[PDB]
Amino acid sequence: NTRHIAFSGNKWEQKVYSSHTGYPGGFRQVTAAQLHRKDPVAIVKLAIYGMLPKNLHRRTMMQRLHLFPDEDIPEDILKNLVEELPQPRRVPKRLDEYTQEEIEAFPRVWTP
Amino acid sequence: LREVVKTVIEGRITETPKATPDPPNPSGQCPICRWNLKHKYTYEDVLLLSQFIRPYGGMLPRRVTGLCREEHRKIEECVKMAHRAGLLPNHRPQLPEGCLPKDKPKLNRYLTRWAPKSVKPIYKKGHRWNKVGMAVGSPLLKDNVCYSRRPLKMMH
Amino acid sequence: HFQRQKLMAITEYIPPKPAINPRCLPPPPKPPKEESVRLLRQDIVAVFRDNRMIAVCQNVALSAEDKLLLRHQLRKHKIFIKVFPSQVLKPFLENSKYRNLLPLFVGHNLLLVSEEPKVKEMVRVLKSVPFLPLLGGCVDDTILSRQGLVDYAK
Amino acid sequence: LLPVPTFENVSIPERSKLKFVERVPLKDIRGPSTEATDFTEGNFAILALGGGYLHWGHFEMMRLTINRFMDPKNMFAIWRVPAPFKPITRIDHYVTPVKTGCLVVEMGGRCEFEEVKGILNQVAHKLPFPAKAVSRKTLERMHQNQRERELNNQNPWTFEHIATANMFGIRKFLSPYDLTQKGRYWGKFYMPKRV
Amino acid sequence: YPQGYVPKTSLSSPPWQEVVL
Amino acid sequence: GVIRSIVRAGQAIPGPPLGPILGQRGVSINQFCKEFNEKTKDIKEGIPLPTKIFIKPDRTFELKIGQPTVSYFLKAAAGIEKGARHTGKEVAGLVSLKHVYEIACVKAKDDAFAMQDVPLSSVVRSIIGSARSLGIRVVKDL
Amino acid sequence: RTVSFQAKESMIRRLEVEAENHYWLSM
Amino acid sequence: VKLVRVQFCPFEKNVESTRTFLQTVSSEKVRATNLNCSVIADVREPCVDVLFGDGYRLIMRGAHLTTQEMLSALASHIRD
RNA sequence: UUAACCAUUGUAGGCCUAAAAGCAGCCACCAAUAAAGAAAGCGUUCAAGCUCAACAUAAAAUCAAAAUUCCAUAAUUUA
Ligand code: FES
Numbered sequence: 061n062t063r064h065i066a067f068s069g070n071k072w073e074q075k076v077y078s079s080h081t082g083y084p085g086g087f088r089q090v091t092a093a094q095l096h097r098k099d100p101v102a103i104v105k106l107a108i109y110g111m112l113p114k115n116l117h118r119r120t121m122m123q124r125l126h127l128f129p130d131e132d133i134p135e136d137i138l139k140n141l142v143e144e145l146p147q148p149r150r151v152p153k154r155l156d157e158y159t160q161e162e163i164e165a166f167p168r169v170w171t172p
Numbered sequence: 035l036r037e038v039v040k047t048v049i050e051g052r053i054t055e056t057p058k059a060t061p062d063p064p065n066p067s068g069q070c071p072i073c074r075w076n077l078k079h080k081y082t083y084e085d086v087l088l089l090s091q092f093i094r095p096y097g098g099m100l101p102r103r104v105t106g107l108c109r110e111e112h113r114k115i116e117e118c119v120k121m122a123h124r125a126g127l128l129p130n131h132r133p134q135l136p137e138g139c140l141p142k143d144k145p146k147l148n149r150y151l152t153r154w155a156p157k158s159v160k161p162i163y164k165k166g167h168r169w170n171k172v173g174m175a176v177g178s179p180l181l182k183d184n185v186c187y188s189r190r191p192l193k194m195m196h
Numbered sequence: 041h042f043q044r045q046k047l048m049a050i051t052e053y054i055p056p057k058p059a060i061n062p063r064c065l066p067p068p069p070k071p072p073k074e075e076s079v080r081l082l083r084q085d086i087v088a089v090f091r092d093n094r095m096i097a098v099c100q101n102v103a104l105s106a107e108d109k110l111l112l113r114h115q116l117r118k119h120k121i122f123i124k125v126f127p128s129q130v131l132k133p134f135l136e137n138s139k140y141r142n143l144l145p146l147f148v149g150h151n152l153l154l155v156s157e158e159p160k161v162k163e164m165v166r167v168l169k170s171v172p173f174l175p176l177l178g179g180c181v182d183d184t185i186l187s188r189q190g191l192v193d194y195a196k
Numbered sequence: 033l034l035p036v037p038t039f040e041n042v043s044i045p046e047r048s049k050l051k052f053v054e055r056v057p069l070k071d072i073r074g075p076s077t078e079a080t081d082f083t084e085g086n087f088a089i090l091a092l093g094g095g096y097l098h099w100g101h102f103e104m105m106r107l108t109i110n111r112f113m114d115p116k117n118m119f120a121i122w123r124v125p126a127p128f129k130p131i132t133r147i148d149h150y151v152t153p154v155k156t157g158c159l160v161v162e163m164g165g166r167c168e169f170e171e172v173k174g175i176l177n178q179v180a181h182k183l184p185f186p187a188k189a190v191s192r193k194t195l196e197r198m199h200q201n202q203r204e205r206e207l208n209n210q211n212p213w214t215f216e217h218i219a220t221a222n223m224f225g226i227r228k229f230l231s232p233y234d235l236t237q238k239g240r241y242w243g244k245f246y247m248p249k250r251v
Numbered sequence: 050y051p052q053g054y055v056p057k058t059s060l061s062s063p064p065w066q067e068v069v070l
Numbered sequence: 018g019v020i021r022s023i024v025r026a027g028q029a030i031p032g033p034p035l036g037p038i039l040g041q042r043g044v045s046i047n048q049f050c051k052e053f054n055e056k057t058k059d060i061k062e063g064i065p066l067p068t069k070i071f072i073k074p075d076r077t078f079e080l081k082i083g084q085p086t087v088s089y090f091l092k093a094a095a096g097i098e099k100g101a102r103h104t105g106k107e108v109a110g111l112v113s114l115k116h117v118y119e120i121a122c123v124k125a126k127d128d129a130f131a132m133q134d135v136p137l138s139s140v141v142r143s144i145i146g147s148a149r150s151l152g153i154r155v156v157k158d159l
Numbered sequence: 025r026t027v028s029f030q031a032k033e034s035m036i037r038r039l040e041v042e043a044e045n046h047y048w049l050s051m
Numbered sequence: 013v014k015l016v017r018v019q020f021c022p023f024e025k026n027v028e029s030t031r032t033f034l035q036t037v038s039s040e041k042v043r044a045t046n047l048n049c050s051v052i053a054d055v056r061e062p063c064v065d066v067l068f069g070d071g072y073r074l075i076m077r078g079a080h081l082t083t084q085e086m087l088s089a090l091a092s093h094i095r096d
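Here's what the structure looks like:
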């Protein structure tokens, strides 16, 4: 579900990724939103790569990493999968997500 | 609250929802002062915010609400953050006659101080002492109670 | 130097925090009222006391010059166009013979102040401007309608 | 309403205009102002917030601007500083040293502060040092605000206690003048918000 | 609503949860 | 549209001060002078008169005139045709009580110029103020 | 170079210790 | 607008909105602008009736309608 | 202090101004009215004329946190 990640603030439009091919006129700067449109999984991979130690073992670790844009997973991977990890951030509930009982419990602060 | 029915038209004054009795702090000048909610609400607290917003997401007049200006700015900013985060599905802008959404994907955002439309990209990030700062949160909410050891990092 | 900068930061002034902000304060007392405006009280007091029955009619967008002409016109009717700023009119009842005539003097309206029950002259003033609406006449300083004014006037 | 203020008692001297300043005649500016710190004749003046060097052009800018705009009927102007005497080698020009908190120009007469705020601020911006237009009421408020912040300071540790007690051997890294400044003056600049 | 009542919100309650020995 | 002018009755066609100014809105200049000439015959010739002509959009004339200016009469009463440069303190003539009052009594006859006040205090102030405007001091007695 | 939060606190603690030294030298 | 009729009862409970709306209609500048209008005020809940030559009749009661709503509605109609 | 509304009459007041009427210069600096500045910015062949102040009707309340290729990655709350 990397396609559905959320960025705090205006990181979507403010974060720029810069890469250089090494040849003349090889400088490329792409905004986070543009990068996500080109590839939903690229942003997640880039962040992990930077966080990883700057050593030779980093490339090997990247191979063991599996990134899927959507919920689809190969069956064999599921069999390999042992445990799932809780989501780091608790997702705020939307108006519809709020239960009817919760609405009743919440008081009306002011009367229009 | 008056609603007009429509040439011959008739306006009917209808019953308005009443505030719950016995505020925790009676005699407060503003409802937030009355309810001891000065520093305990956030943009995620949609339930409180929705009461002060128009059906289509517009801001209600301050005079009708009666709350002090300080809360007015805080509440408006919190509501602005919720709209940009898509937390108000039932208060979305009204499409005038027959318009339809562009149907392009909407990026998931939260803690957005400014509109993404008018923010330019930052090409030059800078070095250690020249690093550019990315705003997170709003200055209006600095006074809110903090449960962390050190003050929150407004600029990321 | 960096070390000297450390000293400055520690010595930085610390401001105290008020318990409650001025807007969110509990209800505080207020100073006693003062009558500034006091002159206008005498003028309105004299005219109303002199004239028992007052015909209250809303003022159309009339011109200042016409009011003087109408003032002379009422002199033929034995009535006076004496008017003053209405923001001091409301406190009139607070300090005057009566306290209960506030609802009659609502908004900006022409006041016809007459001390004598010359009904025909008052009716003639009504005939001068039909479009201008006559709210009513407080005959003998008693609240009454325009239709009632005529009925009692009869 | 209440009675309107009057300036009848004020008397305008005959020499309403400002006099001419000559083109031509070491810590003069690195310290607190010791002279011209009190209003003498007028109720409005310009207060130096920093240490700067006033050349002949600045005096003409003050003289020409003030004379053209001021009203002799209701205003008068006086000079609170001497003419330039410090040479600036290329000598290109001479300057008048000024200390932090020195009143450079004082204007009075039958006028309000708001009338002179715009012109004084414009002159202050054109001055070589940071400056703020001041008046008798405003200057006292600044001191009153200065006193209030000092009196209500909640910091357990103060600059004077540490400096006077030589805690951490701080005096080894501090200049003798710093004791008098007490953190309110740094170099040729004065920190108004340092309490 | 009783005196000293605060509706539960993100900032009303501490992140940590009280326990009873 | 109200246009105020002080032109003398003696000359009914001053030219620029009336002709084209009234003409700019669009009117018949000849018609204006003829009615003004009618006023001239009724009134003494060669004395300034305030006028309150209203130029309506219908290209019609609504000519209203009143008493001759007391200001010029004060100048004439003081024997002054062209006053001093300033006239704030310059004075060439002094007017006593009796002369001041006599003209005021006749003055209170025009529906215009607000000459309907029962008290004469209002009337004297305008002429007293007018004298202040002119190079004339109104001394009680000389 | 802005001062770190830890640095400010550390100096304050040392200053207090020196203050205690002053009192015991006052008798 | 050939005719505009404003009716309200001052002796009884009188709404400020309708009374204020009457003042705006009964203005030297407003009346001149809509010269065709014949201004008639009925003085004795309040009912305001405006009659047009085309047959469009707009009736406004100020009991629960503010003067702005009437002015906003009337202004569009006058332009036609 | 600063948010709505309105602007009547003396008098084009005297000054070399052809003429300058609040508003080219120049004056001193009053009146009526409920409210009119002998005028505050505009307009100006000159004036008519645009508003601000007038009166009525609104509602408020001491500064911060240049030319090869961007350059750790990131991150607002469990004491
Ligand atoms: S909480 Fe009391 S005024 Fe805002």
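Chains as they are written, first to last, in full-length UniProt numbering: chain C, 61 to 172; chain D, 35 to 40, 47 to 196; chain Y, 41 to 76, 79 to 196; chain B, 33 to 57, 69 to 133, 147 to 251; chain L, 50 to 70; chain F, 18 to 159; chain E, 25 to 51; chain S, 13 to 56, 61 to 96.
Beta carbons are placed, not taken as given, at the ideal position from N, Cα and C, and that holds for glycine.
Residue 119 (chain S) lies in the beta strand (DSSP E); which residues open and close that run? Because chain S spans 13 through 96 in this model, residue 119 (chain S) falls outside it and cannot be assessed.
Answer yes or no: does any C-beta atom of chain E fall closer than 8 Å to that of residue 77 (chain Y)? Position 76 is followed directly by 79 in chain Y, which means residue 77 (chain Y) is not present among the coordinates.
If you measure beta-carbon to beta-carbon, which residues of the region 93-105 of chain D are closer than 7 Å to chain S? Listed by position along the chain: nothing, the set is empty.
To which residues does DSSP link residue 156 (chain B) through a beta bridge? For the purposes of this step, residue 156 (chain B) is taken as the residue at position 100 of the fourth sequence. DSSP lists B:75 as the beta-bridge partner residues of residue 156 (chain B).
Check whether the region 85-103 of chain F and the region 134-154 of chain F are in contact - that is, three or more C-beta pairs closer than 8 Å. As far as the Cβ criterion goes, the region 85-103 of chain F touches the region 134-154 of chain F, which means the pair count is three or higher.
Using a Cβ-Cβ cutoff of 7 Å, what residues of the region 56-73 of chain D are near chain Y? List them in chain order. So the close ones are 67, 68, 69, 70 and 73.
In the structure shown, what three-state DSSP assignment does residue 111 (chain F) receive? Here residue 111 (chain F) corresponds to residue number 94 of the sixth sequence, with the count starting at 1. Reduced to three states, the DSSP call for residue 111 (chain F) is strand.
Member of C:92, C:71, C:140 and C:131 whose CA lies at the smallest distance from the CA of residue 79 (chain C): Your numbering for residue 79 (chain C) matches position 19 in the first sequence. Minimum Cα distance to residue 79 (chain C) is reached at C:92.
Against chain Y, which members of the region 106-117 of chain D pass a CB distance test of less than 8 Å? Answer in chain order: 108, 109 and 110.
In chain order, what are the residue ranges of uninterrupted beta strand (DSSP E) at least 3 long that sit wholly in the region 106-173 of chain Y? If only uninterrupted beta strand (DSSP E) runs of at least 3 residues are considered, those enclosed by the region 106-173 of chain Y are 151-156.
Contact set, the ligand FES heavy atom to C-beta under 6 Å: Any heavy atom of the ligand FES within less than 6 Å of a residue's beta carbon puts that residue on the list, which reads D:68, D:69, D:70, D:72, D:73, D:78, D:108, D:110, D:111, Y:63 and Y:64.
Starting from the C-beta of residue 83 (chain D), find all residues in its chain whose C-beta is less than 6 Å away, skip the five residues before and the five after it, and write them out in chain order. Counting from 1 along the second sequence, the entry for residue 83 (chain D) is found at position 43. Correct list, in chain order: 118, 121 and 122.
Run through DSSP, which three-state label would residue 162 (chain D) get? Position 122 of the second sequence, counting from 1, holds the residue named residue 162 (chain D). Under the three-state reduction of DSSP, residue 162 (chain D) is assigned to coil, being neither helix nor strand.
For residue 210 (chain B), return the contacting residues in chain Y, with the cut-off set at a CB-CB distance below 9 Å. In the fourth sequence, residue 210 (chain B) corresponds to position 154, counting from 1. Result: 53, 54, 55 and 56.
Does the beta carbon of residue 164 (chain B) sit closer than 8 Å to a beta carbon anywhere in chain Y? Here residue 164 (chain B) is taken as the residue at index 108 of the fourth sequence, counted from 1. Not closer than 8 Å to any Cβ of chain Y, the Cβ of residue 164 (chain B) fails to qualify, so no.
For residue 52 (chain B), which of helix, strand or coil comes out of DSSP? Residue 52 (chain B) sits at position 20 when you count from the first residue of the fourth sequence. DSSP places residue 52 (chain B) outside both helix and strand once states are collapsed to three, so it counts as coil.
Determine, using beta carbons only, whether residue 80 (chain Y) comes closer than 8 Å to chain B. Taking the third sequence and counting its residues from 1, the one referred to as residue 80 (chain Y) is at position 38. Output row for residue 80 (chain Y): interface = no.
If you compare alpha carbons, which of Y:181, Y:192, Y:54 and Y:186 is closest to residue 90 (chain Y)? Walking along the third sequence from the start, residue 90 (chain Y) turns up at place 48. Among Y:181, Y:192, Y:54 and Y:186, the Cα nearest to that of residue 90 (chain Y) belongs to Y:181.
In angstroms with no decimal places, state the Cα-to-Cα distance between residue 41 (chain F) and residue 44 (chain B). By 1-based counting over the sixth sequence, the position of residue 41 (chain F) is 24. By 1-based counting over the fourth sequence, the position of residue 44 (chain B) is 12. Straight through space, the alpha carbons of residue 44 (chain B) and residue 41 (chain F) are spaced by roughly 50 Å.
Own chain partners of residue 56 (chain B) with C-beta closer than 7 Å, once the 5 adjacent residues on each side are dropped: Sequence index remark: in the fourth sequence, residue 56 (chain B) carries index 24 (1-based). Excluding residues within five positions, the ones whose Cβ falls inside 7 Å are 150.
Chain B contact residues for residue 77 (chain Y), given Cβ-Cβ distances below 8 Å: Since chain Y is numbered 76 and then 79, with no step between, residue 77 (chain Y) has no place in the structure shown.
Going by Cα to Cα distance, which pick from F:100, F:112, F:126 and F:57 is closest to residue 158 (chain F)? Here residue 158 (chain F) refers to the residue found at position 141 when the sixth sequence is read from its first residue. Out of F:100, F:112, F:126 and F:57, F:112 has the C-alpha closest to the C-alpha of residue 158 (chain F).
Excluding the 5 residues preceding and the 5 following residue 101 (chain C) in the sequence, name in chain order all residues of the same chain whose CB lies nearer than 6 Å to its CB. By one-based count along the first sequence, residue 101 (chain C) stands at place 41. Closer than 6 Å at the Cβ level, and outside the excluded window around residue 101 (chain C), lie 62, 127 and 129.
For residue 185 (chain D), decide whether its Cβ has a neighbour in chain C, counting only Cβ atoms nearer than 8 Å. The residue you call residue 185 (chain D) lines up with position 145 of the second sequence. Residue contact with chain C for residue 185 (chain D): absent (no Cβ-Cβ distance below 8 Å to any residue of chain C).
Residue 134 (chain D): buried (16+ other C-beta within 10 angstroms of its C-beta) or exposed? Translated into the one-based positions of the second sequence, residue 134 (chain D) becomes position 94. With fewer than 16 Cβ atoms within 10 Å of its Cβ, residue 134 (chain D) is classed as exposed.
Rounded Cβ spacing between residue 151 (chain D) and residue 177 (chain D) (contact assumed at less than 8 Å): As a first step, residue 151 (chain D) must be located in the second sequence, where it is residue number 111. As a first step, residue 177 (chain D) must be located in the second sequence, where it is residue number 137. With 8 Å as the limit, residue 151 (chain D) and residue 177 (chain D) qualify as a contact, their Cβ atoms being about 6 Å apart.
Check the DSSP bridge columns for residue 127 (chain F) and list the partner residues they point to. In the sixth sequence, residue 127 (chain F) corresponds to position 110, counting from 1. None, per the DSSP bridge assignment.
Neighbouring residues, chain L, relative to residue 84 (chain D) (Cβ below 9 Å): Translated into the one-based positions of the second sequence, residue 84 (chain D) becomes position 44. Ordered by position in chain L, the residues that pass the 9 Å Cβ test against residue 84 (chain D) are 58 and 59.
Taking 8 Å as the limit between beta carbons, can you name the residues of its chain near residue 87 (chain S), skipping five residues before and five after? Reading the eighth sequence from its first residue, position 71 is the one you call residue 87 (chain S). 33 and 36.
Quick check on the DSSP output: the beta strand (DSSP E) that includes residue 36 (chain D) runs from which residue to which? As a working mapping, residue 36 (chain D) is identified with position 2 in the second sequence. 36-39 is the span of the beta strand (DSSP E), which, as asked, contains residue 36 (chain D).
Quick one: Cα of residue 86 (chain F) to Cα of residue 25 (chain F), how far? One-based indexing of the sixth sequence puts residue 86 (chain F) at position 69. One-based indexing of the sixth sequence puts residue 25 (chain F) at position 8. Each residue's alpha carbon lies about 10 Å from the other.
What residues of chain Y sit near residue 182 (chain D), judged by a beta carbon separation below 9 Å? Here residue 182 (chain D) is taken as the residue at index 142 of the second sequence, counted from 1. Here the premise fails: no neighbours, minimum Cβ distance about 13 Å.
Considering only residues of the same chain and omitting the five flanking positions on each side of residue 118 (chain B), which have a CB-CB separation below 6 Å? Translated into positions along the fourth sequence, residue 118 (chain B) becomes position 75. Taken in chain order, the residues that qualify are 165 and 167.
Using only the alpha-carbon positions, how far apart do residue 126 (chain F) and residue 135 (chain F) sit? By one-based count along the sixth sequence, residue 126 (chain F) stands at place 109. By one-based count along the sixth sequence, residue 135 (chain F) stands at place 118. Those two C-alpha atoms are separated by around 12 Å.
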